[PDB]
file query_1.tsv (TSV, N, CA, C and O atoms)
chain	number	residue	atom	x	y	z
R	1	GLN	N	31.75	37.49	-18.71
R	1	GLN	CA	32.77	36.44	-18.61
R	1	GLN	C	34.12	36.91	-19.08
R	1	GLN	O	35.12	36.71	-18.39
R	2	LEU	N	34.16	37.58	-20.22
R	2	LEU	CA	35.40	38.11	-20.77
R	2	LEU	C	35.99	39.17	-19.85
R	2	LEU	O	37.21	39.24	-19.68
R	3	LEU	N	35.16	40.07	-19.34
R	3	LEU	CA	35.66	41.15	-18.48
R	3	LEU	C	36.26	40.63	-17.19
R	3	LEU	O	37.16	41.26	-16.62
R	4	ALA	N	35.70	39.53	-16.66
R	4	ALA	CA	36.25	38.94	-15.45
R	4	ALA	C	37.62	38.37	-15.69
R	4	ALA	O	38.52	38.58	-14.88
R	5	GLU	N	37.82	37.69	-16.82
R	5	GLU	CA	39.13	37.13	-17.12
R	5	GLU	C	40.16	38.23	-17.42
R	5	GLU	O	41.31	38.15	-16.98
R	6	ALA	N	39.77	39.25	-18.18
R	6	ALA	CA	40.67	40.37	-18.42
R	6	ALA	C	41.16	40.95	-17.10
R	6	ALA	O	42.20	41.62	-17.05
R	7	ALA	N	40.29	40.95	-16.09
R	7	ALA	CA	40.65	41.57	-14.82
R	7	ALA	C	41.68	40.73	-14.06
R	7	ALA	O	42.28	41.22	-13.10
R	8	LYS	N	41.92	39.49	-14.50
R	8	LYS	CA	42.86	38.58	-13.89
R	8	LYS	C	44.23	38.59	-14.52
R	8	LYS	O	45.08	37.78	-14.17
R	9	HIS	N	44.44	39.45	-15.49
R	9	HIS	CA	45.77	39.72	-16.01
R	9	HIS	C	46.03	41.21	-15.90
R	9	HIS	O	46.12	41.89	-16.93
R	10	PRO	N	46.06	41.77	-14.68
R	10	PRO	CA	46.38	43.20	-14.55
R	10	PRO	C	47.78	43.48	-15.04
R	10	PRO	O	48.13	44.65	-15.28
R	11	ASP	N	48.60	42.43	-15.16
R	11	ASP	CA	49.96	42.54	-15.69
R	11	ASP	C	49.98	42.94	-17.15
R	11	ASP	O	50.99	43.49	-17.62
R	12	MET	N	48.87	42.71	-17.86
R	12	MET	CA	48.76	42.86	-19.31
R	12	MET	C	47.67	43.84	-19.73
R	12	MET	O	47.90	44.68	-20.60
R	13	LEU	N	46.52	43.76	-19.09
R	13	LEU	CA	45.33	44.53	-19.42
R	13	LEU	C	44.96	45.43	-18.27
R	13	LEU	O	44.92	44.99	-17.14
R	14	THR	N	44.58	46.65	-18.58
R	14	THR	CA	44.13	47.58	-17.58
R	14	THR	C	42.98	48.40	-18.12
R	14	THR	O	43.01	48.80	-19.28
R	15	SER	N	42.06	48.78	-17.23
R	15	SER	CA	40.88	49.60	-17.56
R	15	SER	C	40.00	48.92	-18.60
R	15	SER	O	39.29	49.58	-19.38
R	16	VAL	N	40.06	47.59	-18.64
R	16	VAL	CA	39.23	46.86	-19.58
R	16	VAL	C	37.76	46.97	-19.14
R	16	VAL	O	37.36	46.50	-18.07
R	17	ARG	N	36.92	47.60	-19.97
R	17	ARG	CA	35.59	48.00	-19.50
R	17	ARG	C	34.61	48.13	-20.67
R	17	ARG	O	35.01	48.42	-21.80
R	18	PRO	N	33.31	48.03	-20.39
R	18	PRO	CA	32.29	48.24	-21.42
R	18	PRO	C	32.19	49.68	-21.81
R	18	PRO	O	32.27	50.56	-20.97
R	19	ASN	N	31.88	49.92	-23.07
R	19	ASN	CA	31.69	51.31	-23.46
R	19	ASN	C	30.26	51.78	-23.23
R	19	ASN	O	30.02	52.98	-23.08
R	20	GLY	N	29.32	50.86	-23.20
R	20	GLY	CA	27.91	51.17	-23.14
R	20	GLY	C	27.29	51.10	-21.77
R	20	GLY	O	27.98	51.08	-20.74
R	21	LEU	N	25.96	50.98	-21.76
R	21	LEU	CA	25.12	51.12	-20.58
R	21	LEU	C	24.56	49.77	-20.14
R	21	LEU	O	24.41	48.84	-20.94
R	22	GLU	N	24.17	49.72	-18.88
R	22	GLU	CA	23.72	48.47	-18.29
R	22	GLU	C	22.21	48.46	-18.14
R	22	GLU	O	21.58	49.51	-18.09
R	23	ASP	N	21.65	47.26	-18.19
R	23	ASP	CA	20.21	47.08	-18.18
R	23	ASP	C	19.71	47.86	-16.98
R	23	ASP	O	20.47	48.08	-16.04
R	24	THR	N	18.45	48.30	-17.00
R	24	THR	CA	17.81	49.12	-15.99
R	24	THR	C	16.36	48.70	-15.85
R	24	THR	O	15.83	47.95	-16.67
R	25	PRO	N	15.68	49.21	-14.85
R	25	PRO	CA	14.27	48.90	-14.72
R	25	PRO	C	13.45	49.64	-15.76
R	25	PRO	O	13.74	50.78	-16.17
R	26	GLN	N	12.41	48.95	-16.19
R	26	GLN	CA	11.46	49.52	-17.09
R	26	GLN	C	10.10	48.91	-16.75
R	26	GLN	O	10.01	47.97	-15.95
R	27	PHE	N	9.06	49.46	-17.33
R	27	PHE	CA	7.68	49.24	-16.93
R	27	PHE	C	7.00	48.41	-18.01
R	27	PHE	O	6.74	48.90	-19.10
R	28	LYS	N	6.62	47.19	-17.68
R	28	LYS	CA	5.92	46.39	-18.67
R	28	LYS	C	4.46	46.57	-18.46
R	28	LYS	O	3.93	46.11	-17.45
R	29	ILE	N	3.80	47.08	-19.48
R	29	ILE	CA	2.35	47.21	-19.45
R	29	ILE	C	1.79	46.34	-20.57
R	29	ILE	O	2.19	46.44	-21.73
R	30	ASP	N	0.92	45.42	-20.19
R	30	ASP	CA	0.21	44.51	-21.06
R	30	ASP	C	-1.24	44.97	-21.29
R	30	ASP	O	-2.03	45.06	-20.34
R	31	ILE	N	-1.60	45.20	-22.55
R	31	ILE	CA	-2.97	45.50	-22.93
R	31	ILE	C	-3.71	44.19	-23.12
R	31	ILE	O	-3.29	43.37	-23.95
R	32	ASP	N	-4.83	44.00	-22.38
R	32	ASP	CA	-5.59	42.75	-22.45
R	32	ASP	C	-6.56	42.78	-23.62
R	32	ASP	O	-7.56	43.49	-23.56
R	33	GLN	N	-6.29	42.01	-24.67
R	33	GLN	CA	-7.06	42.25	-25.90
R	33	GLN	C	-8.53	41.88	-25.72
R	33	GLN	O	-9.42	42.61	-26.18
R	34	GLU	N	-8.79	40.76	-25.03
R	34	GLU	CA	-10.15	40.25	-24.82
R	34	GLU	C	-10.99	41.29	-24.11
R	34	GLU	O	-12.16	41.50	-24.44
R	35	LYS	N	-10.46	41.87	-23.04
R	35	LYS	CA	-11.25	42.85	-22.32
R	35	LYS	C	-11.49	44.07	-23.20
R	35	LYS	O	-12.58	44.66	-23.18
R	36	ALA	N	-10.49	44.48	-23.98
R	36	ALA	CA	-10.67	45.62	-24.88
R	36	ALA	C	-11.79	45.37	-25.87
R	36	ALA	O	-12.64	46.23	-26.12
R	37	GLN	N	-11.80	44.20	-26.45
R	37	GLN	CA	-12.81	43.90	-27.44
R	37	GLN	C	-14.18	43.79	-26.79
R	37	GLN	O	-15.18	44.22	-27.37
R	38	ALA	N	-14.23	43.26	-25.58
R	38	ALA	CA	-15.49	43.14	-24.87
R	38	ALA	C	-16.06	44.49	-24.47
R	38	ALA	O	-17.25	44.57	-24.14
R	39	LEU	N	-15.22	45.49	-24.24
R	39	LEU	CA	-15.70	46.82	-23.88
R	39	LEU	C	-15.97	47.69	-25.10
R	39	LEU	O	-16.64	48.74	-24.99
R	40	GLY	N	-15.50	47.24	-26.27
R	40	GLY	CA	-15.62	48.03	-27.48
R	40	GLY	C	-14.65	49.17	-27.51
R	40	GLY	O	-15.03	50.30	-27.83
R	41	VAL	N	-13.44	48.95	-26.99
R	41	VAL	CA	-12.38	49.94	-26.98
R	41	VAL	C	-11.29	49.50	-27.95
R	41	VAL	O	-10.66	48.48	-27.73
R	42	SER	N	-11.02	50.30	-28.99
R	42	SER	CA	-10.08	49.90	-30.04
R	42	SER	C	-8.63	50.02	-29.64
R	42	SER	O	-8.21	50.98	-28.98
R	43	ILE	N	-7.83	49.05	-30.11
R	43	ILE	CA	-6.42	49.02	-29.75
R	43	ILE	C	-5.73	50.28	-30.22
R	43	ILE	O	-4.84	50.79	-29.56
R	44	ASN	N	-6.15	50.80	-31.36
R	44	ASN	CA	-5.53	52.00	-31.90
R	44	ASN	C	-5.82	53.20	-31.04
R	44	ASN	O	-4.92	54.02	-30.83
R	45	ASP	N	-7.04	53.34	-30.52
R	45	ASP	CA	-7.28	54.44	-29.57
R	45	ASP	C	-6.45	54.27	-28.30
R	45	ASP	O	-5.88	55.26	-27.80
R	46	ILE	N	-6.33	53.03	-27.80
R	46	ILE	CA	-5.52	52.73	-26.62
R	46	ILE	C	-4.06	53.10	-26.85
R	46	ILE	O	-3.44	53.81	-26.05
R	47	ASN	N	-3.48	52.59	-27.92
R	47	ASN	CA	-2.06	52.81	-28.13
R	47	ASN	C	-1.74	54.26	-28.47
R	47	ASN	O	-0.69	54.77	-28.07
R	48	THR	N	-2.60	54.95	-29.22
R	48	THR	CA	-2.24	56.35	-29.43
R	48	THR	C	-2.52	57.18	-28.20
R	48	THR	O	-1.85	58.21	-28.02
R	49	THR	N	-3.57	56.87	-27.42
R	49	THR	CA	-3.78	57.53	-26.13
R	49	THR	C	-2.52	57.45	-25.28
R	49	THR	O	-2.06	58.44	-24.73
R	50	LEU	N	-1.98	56.23	-25.13
R	50	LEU	CA	-0.82	56.01	-24.30
R	50	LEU	C	0.40	56.75	-24.82
R	50	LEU	O	0.89	57.67	-24.18
P	1	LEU	N	-8.98	37.01	-32.78
P	1	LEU	CA	-9.67	37.62	-33.91
P	1	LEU	C	-10.97	38.23	-33.43
P	1	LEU	O	-11.27	39.38	-33.75
P	2	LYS	N	-11.71	37.50	-32.60
P	2	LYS	CA	-12.95	38.06	-32.10
P	2	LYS	C	-13.48	37.19	-30.98
P	2	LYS	O	-13.10	36.03	-30.86
P	3	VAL	N	-14.42	37.77	-30.19
P	3	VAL	CA	-15.11	37.05	-29.13
P	3	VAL	C	-16.53	36.80	-29.59
P	3	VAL	O	-17.27	37.74	-29.90
P	4	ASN	N	-16.95	35.54	-29.51
P	4	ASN	CA	-18.23	35.11	-30.03
P	4	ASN	C	-19.36	35.59	-29.12
P	4	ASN	O	-19.16	36.24	-28.08
P	5	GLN	N	-20.58	35.38	-29.63
P	5	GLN	CA	-21.79	35.79	-28.92
P	5	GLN	C	-21.83	35.23	-27.49
P	5	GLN	O	-22.17	35.94	-26.54
P	6	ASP	N	-21.41	33.97	-27.32
P	6	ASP	CA	-21.42	33.23	-26.05
P	6	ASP	C	-20.13	33.34	-25.23
P	6	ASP	O	-19.88	32.50	-24.34
P	7	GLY	N	-19.26	34.30	-25.58
P	7	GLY	CA	-18.03	34.61	-24.86
P	7	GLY	C	-16.84	33.73	-25.17
P	7	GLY	O	-15.75	34.04	-24.68
P	8	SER	N	-17.00	32.72	-26.03
P	8	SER	CA	-15.89	31.88	-26.47
P	8	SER	C	-14.98	32.66	-27.42
P	8	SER	O	-15.41	33.54	-28.18
P	9	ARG	N	-13.72	32.25	-27.45
P	9	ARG	CA	-12.70	32.95	-28.20
P	9	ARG	C	-12.40	32.31	-29.54
P	9	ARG	O	-12.40	31.08	-29.67
P	10	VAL	N	-12.18	33.14	-30.54
P	10	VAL	CA	-11.68	32.69	-31.83
P	10	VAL	C	-10.24	33.16	-31.98
P	10	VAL	O	-9.99	34.35	-32.20
P	11	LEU	N	-9.30	32.23	-31.90
P	11	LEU	CA	-7.91	32.58	-32.04
P	11	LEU	C	-7.52	32.42	-33.50
P	11	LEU	O	-8.23	31.76	-34.28
P	12	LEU	N	-6.46	33.14	-33.89
P	12	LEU	CA	-5.97	33.01	-35.24
P	12	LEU	C	-5.68	31.55	-35.57
P	12	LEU	O	-5.81	31.13	-36.72
P	13	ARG	N	-5.36	30.74	-34.56
P	13	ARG	CA	-4.89	29.41	-34.83
P	13	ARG	C	-6.03	28.50	-35.21
P	13	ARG	O	-5.77	27.36	-35.63
P	14	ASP	N	-7.25	28.99	-35.04
P	14	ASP	CA	-8.50	28.29	-35.32
P	14	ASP	C	-8.97	28.42	-36.76
P	14	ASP	O	-9.89	27.69	-37.16
P	15	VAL	N	-8.42	29.39	-37.51
P	15	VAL	CA	-8.78	29.61	-38.90
P	15	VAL	C	-7.57	29.62	-39.81
P	15	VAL	O	-7.71	29.89	-40.99
P	16	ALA	N	-6.37	29.39	-39.29
P	16	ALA	CA	-5.18	29.46	-40.13
P	16	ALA	C	-4.18	28.41	-39.66
P	16	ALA	O	-4.28	27.87	-38.56
P	17	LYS	N	-3.27	28.02	-40.55
P	17	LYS	CA	-2.09	27.23	-40.22
P	17	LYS	C	-0.99	28.26	-40.09
P	17	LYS	O	-0.98	29.26	-40.79
P	18	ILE	N	-0.07	28.04	-39.19
P	18	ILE	CA	0.93	29.03	-38.98
P	18	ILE	C	2.26	28.35	-39.01
P	18	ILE	O	2.44	27.34	-38.35
P	19	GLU	N	3.20	28.85	-39.78
P	19	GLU	CA	4.42	28.07	-39.91
P	19	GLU	C	5.56	28.96	-40.38
P	19	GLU	O	5.33	29.90	-41.11
P	20	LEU	N	6.79	28.72	-39.94
P	20	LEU	CA	7.85	29.45	-40.64
P	20	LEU	C	7.97	28.86	-42.02
P	20	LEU	O	7.92	27.65	-42.19
P	21	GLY	N	8.08	29.72	-43.01
P	21	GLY	CA	8.07	29.30	-44.40
P	21	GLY	C	8.51	30.48	-45.25
P	21	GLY	O	8.35	31.64	-44.86
P	22	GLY	N	9.00	30.16	-46.44
P	22	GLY	CA	9.65	31.17	-47.27
P	22	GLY	C	8.81	32.40	-47.59
P	22	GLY	O	7.62	32.33	-47.85
P	23	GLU	N	9.50	33.54	-47.70
P	23	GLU	CA	8.83	34.71	-48.28
P	23	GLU	C	8.28	34.34	-49.65
P	23	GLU	O	7.15	34.68	-49.97
P	24	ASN	N	9.04	33.56	-50.42
P	24	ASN	CA	8.53	32.97	-51.63
P	24	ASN	C	9.05	31.55	-51.74
P	24	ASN	O	9.89	31.10	-50.99
P	25	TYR	N	8.48	30.82	-52.69
P	25	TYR	CA	8.63	29.38	-52.81
P	25	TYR	C	9.00	28.99	-54.24
P	25	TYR	O	8.63	27.90	-54.68
P	26	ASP	N	9.60	29.91	-55.01
P	26	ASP	CA	9.84	29.73	-56.44
P	26	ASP	C	11.18	29.10	-56.79
P	26	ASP	O	11.27	28.41	-57.80
P	27	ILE	N	12.20	29.28	-55.97
P	27	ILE	CA	13.53	28.75	-56.22
P	27	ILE	C	13.83	27.61	-55.27
P	27	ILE	O	13.62	27.72	-54.06
P	28	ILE	N	14.32	26.51	-55.83
P	28	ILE	CA	14.83	25.36	-55.10
P	28	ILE	C	16.10	24.85	-55.75
P	28	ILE	O	16.07	24.47	-56.93
P	29	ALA	N	17.19	24.79	-55.01
P	29	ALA	CA	18.46	24.39	-55.57
P	29	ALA	C	18.93	23.06	-54.97
P	29	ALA	O	18.42	22.60	-53.93
P	30	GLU	N	19.92	22.46	-55.64
P	30	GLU	CA	20.44	21.13	-55.38
P	30	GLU	C	21.87	21.14	-55.80
P	30	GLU	O	22.16	21.74	-56.83
P	31	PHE	N	22.75	20.48	-55.04
P	31	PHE	CA	24.18	20.39	-55.36
P	31	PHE	C	24.57	18.93	-55.50
P	31	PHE	O	24.67	18.22	-54.49
P	32	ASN	N	24.95	18.52	-56.71
P	32	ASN	CA	25.18	17.10	-57.03
P	32	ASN	C	24.05	16.28	-56.47
P	32	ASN	O	24.27	15.24	-55.87
P	33	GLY	N	22.82	16.80	-56.63
P	33	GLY	CA	21.61	16.12	-56.25
P	33	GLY	C	21.22	16.16	-54.78
P	33	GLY	O	20.21	15.56	-54.42
P	34	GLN	N	21.87	16.92	-53.95
P	34	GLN	CA	21.34	17.01	-52.60
P	34	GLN	C	20.84	18.42	-52.27
P	34	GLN	O	21.22	19.39	-52.94
P	35	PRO	N	20.01	18.59	-51.24
P	35	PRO	CA	19.46	19.92	-50.96
P	35	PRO	C	20.57	20.91	-50.70
P	35	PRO	O	21.53	20.63	-49.98
P	36	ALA	N	20.35	22.11	-51.21
P	36	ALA	CA	21.36	23.13	-51.16
P	36	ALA	C	20.67	24.46	-51.14
P	36	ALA	O	19.48	24.57	-51.40
P	37	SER	N	21.45	25.46	-50.83
P	37	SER	CA	21.09	26.80	-51.13
P	37	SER	C	22.35	27.45	-51.67
P	37	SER	O	23.33	26.77	-51.93
P	38	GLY	N	22.36	28.77	-51.81
P	38	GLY	CA	23.60	29.46	-52.11
P	38	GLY	C	23.33	30.90	-52.50
P	38	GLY	O	22.18	31.34	-52.57
P	39	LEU	N	24.40	31.58	-52.89
P	39	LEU	CA	24.35	32.96	-53.30
P	39	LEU	C	24.91	33.06	-54.71
P	39	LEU	O	25.85	32.36	-55.07
P	40	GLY	N	24.20	33.78	-55.57
P	40	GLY	CA	24.72	34.12	-56.87
P	40	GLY	C	25.17	35.57	-56.82
P	40	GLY	O	24.33	36.48	-56.74
P	41	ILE	N	26.46	35.78	-57.04
P	41	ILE	CA	27.06	37.08	-56.86
P	41	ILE	C	27.47	37.65	-58.20
P	41	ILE	O	28.20	37.01	-58.94
P	42	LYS	N	27.00	38.87	-58.48
P	42	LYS	CA	27.31	39.61	-59.69
P	42	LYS	C	28.30	40.70	-59.31
P	42	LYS	O	28.21	41.28	-58.25
P	43	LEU	N	29.06	41.14	-60.26
P	43	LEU	CA	30.21	41.96	-59.97
P	43	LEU	C	29.86	43.42	-60.17
P	43	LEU	O	29.38	43.78	-61.23
P	44	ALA	N	30.05	44.25	-59.15
P	44	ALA	CA	29.74	45.67	-59.36
P	44	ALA	C	30.45	46.15	-60.60
P	44	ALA	O	31.42	45.53	-61.00
P	45	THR	N	30.08	47.28	-61.18
P	45	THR	CA	30.54	47.58	-62.52
P	45	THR	C	31.94	48.08	-62.32
P	45	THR	O	32.21	48.73	-61.30
P	46	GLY	N	32.86	47.71	-63.22
P	46	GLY	CA	34.23	48.22	-63.16
P	46	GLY	C	35.07	47.73	-62.01
P	46	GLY	O	36.20	48.21	-61.85
P	47	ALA	N	34.51	46.94	-61.11
P	47	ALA	CA	35.27	46.43	-60.00
P	47	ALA	C	36.23	45.32	-60.48
P	47	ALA	O	36.04	44.71	-61.53
P	48	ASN	N	37.29	45.06	-59.69
P	48	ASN	CA	38.21	43.98	-60.03
P	48	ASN	C	37.69	42.62	-59.60
P	48	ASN	O	37.58	42.33	-58.41
P	49	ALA	N	37.55	41.75	-60.59
P	49	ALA	CA	36.99	40.43	-60.35
P	49	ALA	C	37.78	39.66	-59.32
P	49	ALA	O	37.26	39.25	-58.27
P	50	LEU	N	39.09	39.56	-59.53
P	50	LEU	CA	39.86	38.75	-58.60
P	50	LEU	C	39.88	39.34	-57.18
P	50	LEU	O	39.62	38.60	-56.23
call {"tool": "encode", "arguments": {"input": "query_1.tsv", "output": "structure tokens"}}
result
Amino acid sequence: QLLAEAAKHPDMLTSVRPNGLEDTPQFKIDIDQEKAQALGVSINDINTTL
Amino acid sequence: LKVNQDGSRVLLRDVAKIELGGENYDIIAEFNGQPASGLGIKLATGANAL
């Protein structure tokens, strides 16, 4: 919102921009606790394996 | 917490109450008799009070 308004006073502000990085794709992996417990597979073995 | 013999689930919410609540419950303050909180600030050594 702020960057859009800054861009509307080119008479005053120029190169007004973020210094950082923009959101990106990432991979959500959900460990199903019930199935893990039913198989007798420990969360700690799962998470350190991964 | 665990899966029972008959496949039913035991959730934490079944054996515990869960609530946001103080790390501790020892201090309670009041300002002219109404609920309050606040900060008690001590002065670093040798620093200027004002």
call {"tool": "select_by_dssp", "arguments": {"input": "query_1.tsv", "residues": "chain P", "states": "strand (DSSP E)", "output": "list in words"}}
result
residues 2, 3, 9, 10, 29, 30, 31, 34, 35 and 36 of chain P
call {"tool": "closest_atom_pairs", "arguments": {"input": "query_1.tsv", "of": "chain P", "to": "chain R", "cutoff": "8 Å", "atoms": "all atoms listed in the file", "output": "CSV"}}
result
residue,atom,partner,partner_atom,distance
P:1,O,R:37,CA,7.9
P:2,CA,R:37,CA,7.5
P:3,N,R:37,CA,6.9
call {"tool": "atom_distance", "arguments": {"input": "query_1.tsv", "atom1": "atom N of residue R:23", "atom2": "atom N of residue R:49"}}
result
28.5 Å
call {"tool": "atom_distance", "arguments": {"input": "query_1.tsv", "atom1": "atom N of residue P:13", "atom2": "atom CA of residue R:45"}}
result
24.3 Å
call {"tool": "decode", "arguments": {"input": "query_1.tsv", "residues": "stretch 10-25 of chain R", "atoms": "N, CA and C atoms", "output": "CSV table (one decimal), in the first residue's frame"}}
result
chain,number,residue,atom,x,y,z
R,10,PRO,N,6.1,10.8,-8.1
R,10,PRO,CA,7.4,10.8,-8.7
R,10,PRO,C,8.1,12.1,-8.7
R,11,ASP,N,7.3,13.2,-8.4
R,11,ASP,CA,7.9,14.5,-8.2
R,11,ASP,C,8.7,14.7,-7.0
R,12,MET,N,8.6,13.8,-6.0
R,12,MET,CA,9.2,13.8,-4.7
R,12,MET,C,10.0,12.6,-4.4
R,13,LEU,N,9.5,11.4,-4.7
R,13,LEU,CA,10.1,10.2,-4.3
R,13,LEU,C,10.5,9.4,-5.6
R,14,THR,N,11.6,8.8,-5.6
R,14,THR,CA,12.1,8.0,-6.7
R,14,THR,C,12.8,6.8,-6.2
R,15,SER,N,12.7,5.7,-6.9
R,15,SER,CA,13.3,4.4,-6.6
R,15,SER,C,12.9,3.9,-5.2
R,16,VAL,N,11.7,4.2,-4.8
R,16,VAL,CA,11.2,3.8,-3.5
R,16,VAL,C,10.8,2.3,-3.7
R,17,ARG,N,11.5,1.4,-2.9
R,17,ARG,CA,11.5,0.0,-3.2
R,17,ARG,C,11.8,-0.8,-1.9
R,18,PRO,N,11.4,-2.1,-1.8
R,18,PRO,CA,11.8,-2.9,-0.7
R,18,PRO,C,13.2,-3.3,-0.8
R,19,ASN,N,13.8,-3.5,0.4
R,19,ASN,CA,15.2,-4.0,0.4
R,19,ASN,C,15.3,-5.5,0.4
R,20,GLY,N,14.2,-6.2,0.8
R,20,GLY,CA,14.2,-7.6,1.0
R,20,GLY,C,13.6,-8.4,-0.1
R,21,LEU,N,13.2,-9.6,0.2
R,21,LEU,CA,12.8,-10.6,-0.8
R,21,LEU,C,11.3,-10.9,-0.7
R,22,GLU,N,10.8,-11.5,-1.8
R,22,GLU,CA,9.3,-11.7,-1.8
R,22,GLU,C,9.0,-13.1,-1.7
R,23,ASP,N,7.8,-13.4,-1.1
R,23,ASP,CA,7.4,-14.7,-0.8
R,23,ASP,C,7.6,-15.6,-2.0
R,24,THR,N,7.8,-16.9,-1.8
R,24,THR,CA,8.1,-17.8,-2.9
R,24,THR,C,7.4,-19.1,-2.6
R,25,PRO,N,7.4,-20.1,-3.5
R,25,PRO,CA,6.8,-21.4,-3.2
R,25,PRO,C,7.7,-22.2,-2.3
